[PDB]
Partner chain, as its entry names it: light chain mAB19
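Single chain ahead, by itself, as structure tokens, in the form solved without the partner chain.
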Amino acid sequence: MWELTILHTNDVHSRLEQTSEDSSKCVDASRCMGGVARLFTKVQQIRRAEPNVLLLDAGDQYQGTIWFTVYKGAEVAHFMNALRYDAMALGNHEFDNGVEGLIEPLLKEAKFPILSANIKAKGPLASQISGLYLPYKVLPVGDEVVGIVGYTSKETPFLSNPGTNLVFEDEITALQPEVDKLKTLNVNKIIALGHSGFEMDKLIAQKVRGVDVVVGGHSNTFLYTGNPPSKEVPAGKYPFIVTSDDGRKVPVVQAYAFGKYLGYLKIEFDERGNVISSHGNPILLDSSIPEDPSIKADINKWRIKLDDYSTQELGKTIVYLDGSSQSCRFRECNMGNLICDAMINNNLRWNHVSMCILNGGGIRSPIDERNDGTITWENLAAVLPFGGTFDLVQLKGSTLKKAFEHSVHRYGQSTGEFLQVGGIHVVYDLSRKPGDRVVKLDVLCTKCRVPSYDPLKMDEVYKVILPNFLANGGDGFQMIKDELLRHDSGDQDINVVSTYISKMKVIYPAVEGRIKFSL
């Protein structure tokens, strides 16, 4: 029998340095986690112990901290080469700086295959990008050969900036002919490595004949067998077993996000490449694992240029700024209220925009207050990494009512469309059918001398400050894009929040009942 050890990361999102338990900037070094130096140490311990090891990445290395803001993907190629990744699948955030932002710093510099079977290039781009990413790779592992086939979310055009020249096909339709090709070349051990979310990973495991293992990302899924080591609640056992249509038990794995864990799956194969069994668990990369000094020294060398974004203190917080997805995609989070209050305050400088809506998935990180409360550009850069704008927009009450129904239409799945608000008091009843969950919606009046809250009226018009991402129909808010009456472009997102914090000096945004649930 032949044993393979798959080590996998996903949704690392520029967490090159070690971080806090909430994946924000490391303050108390004794309880810090993750980061590529610590990962390098654990990978090395496994490569010493196990003869057949593959180190895989399921996408979204791009976007998340000042590392990516400054180095634009060169830190990813440099530190993934130093860690000796065997393969990587393209994620949606790999296209955030267009195709050239992917081609030049990463595709042309990676010393490992970068994969995606369902991305087809067309027109002039097709010639330049040929061979820079591959539909699959066959990798020698000891005396055997392992096929790895890539896949990328079909939603990348709606989430990122891949351009017109790239077509994202259905993953199952694009994967089957590649897996069939590998089987004709007698590759009997096949890993599907990709970035489409756990639900799609489960469908690929079921529908794509010949796939032995699925290693995914995108949904930040935490899977565990037994008692979990930190705050992440497991969504299922590790590995997650799917029984395929042809009757094979297919393990599906994912390792949360931000380099906090290293996925570890041991697979026992027979001579014909059949999975006899498999077992493992994500390894928490906590303080007990030492950071490799060679990688840490090289990180400290690259950190010098980034220290210009931490020397200038913008303001000070006396509260934890909860920008976690567990809060911001499920309920009112004070990071949401802060950003919506900065949005309204920057604009109100004799203009009358009283209302704000902000997608929870746009808040990419919390900020900690225990470093004497100090907030820097570096801290803000991880909360608002996209370089978007906060736009003024004019909407009918009916349109706003539909947006709030979309905010909770499939609540409970940690999706980014949950809205954080300002100048709005919304009440939900999740017991009701999707599309009819908003039980109360009051808005701060504008055509009144003393502003107060009153029921929203379907026939009335309202001025709303919101990200350009929402104004352009992002996160399924097509009603905002289709039904809006006016859309003006506003100032840069990070500059708006920064200018607000420096004026306030000390901030203490609270959760105050802007969003409520009715039992």
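Positions refer to the first chain, counted from 1.
Visitor: Would you class the number of unmodelled deposited residues between residue 349 and residue 350 as none, 1 to 3, 4 to 9, or 10 or more?
Guide: Going from residue 349 to residue 350, the model skips 4 to 9 residues of the deposited sequence.
Visitor: Hey, which bit's got the bigger mean C-alpha B factor in the entry, 324-332 or 402-410?
Guide: If you average the C-alpha B-factors of 324-332 and of 402-410, the larger mean comes out for 402-410.
Visitor: Should the higher mean CA B-factor in the entry be assigned to 52-60 or to 456-464?
Guide: The recorded data point to 456-464.
Visitor: Taking the Cα B-factors listed in the entry, which of 210, 91, 124, 147 comes out highest?
Guide: Going by the entry's C-alpha B-factors, 124 comes out highest.
Visitor: Between 302, 261, 428, 269, where does the Cα B-factor run highest in the record?
Guide: When the deposited C-alpha B-factors of 302, 261, 428, 269 are compared, 302 is largest.
Visitor: Based on the entry's values, in what third of the chain does the Cα temperature factor of residue 173 lie: lowest, middle or highest?
Guide: Middle third by C-alpha B-factor.
Visitor: Taking the entry's C-alpha B-factors for this chain, is residue 182 in the lowest, middle or highest third?
Guide: As the PDB entry reports it, the C-alpha B-factor of residue 182 lands in the lowest third of its chain.
Visitor: Please rank the C-alpha B-factors of the chain's modelled residues and tell me whether residue 10 sits in the lowest, middle or highest third.
Guide: As the PDB entry reports it, the C-alpha B-factor of residue 10 lands in the lowest third of its chain.
Visitor: Just say lowest, middle or highest third for the CA B-factor of residue 415 relative to the other modelled residues in its chain.
Guide: For residue 415, whose C-alpha B-factor we compare with every modelled residue in the chain, the answer is the middle third.
Visitor: Relative to the other modelled residues of the same chain, rank the CA B-factor of residue 154 and answer lowest, middle or highest third.
Guide: For residue 154, the deposited C-alpha B-factor lands in the middle third.
Same protein, other form: the form deposited with the partner chain bound, not shown, and the subject of what follows.
Visitor: Can you pick out, from 430, 439, 172, 126, the residue that has a heavy atom within 4.5 Å of the partner chain in the deposited complex?
Guide: Residue within 4.5 Å of the partner: 126.
Visitor: Taking 4.5 Å between heavy atoms as the contact cutoff, choose which of 238, 256, 136, 418 touches the partner chain in the deposited complex.
Guide: Selected option: 136.
Visitor: Does every residue of 201, 213 and 247 put a non-hydrogen atom within 4.5 angstroms of the partner chain in the deposited complex?
Guide: Zero of three within 4.5 Å in the deposited complex.
Visitor: Can you pick the stretch from 381-389, 402-410, 238-246, 110-118 whose heavy atoms fall within 4.5 Å of the partner chain in the deposited complex?
Guide: Residues of 110-118 come within 4.5 Å of the partner.
Visitor: Residue 132 versus the partner chain, in the deposited complex: is there a non-hydrogen atom within 4.5 Å?
Guide: Yes - in the deposited complex, heavy atoms of residue 132 and the partner chain come within 4.5 Å of each other.
Visitor: How about residue 181: is it within 4.5 Å of the partner chain in the deposited complex, going by heavy atoms?
Guide: Looking in the deposited complex, residue contacts with the partner chain include residue 181, since a heavy atom lies within 4.5 Å.
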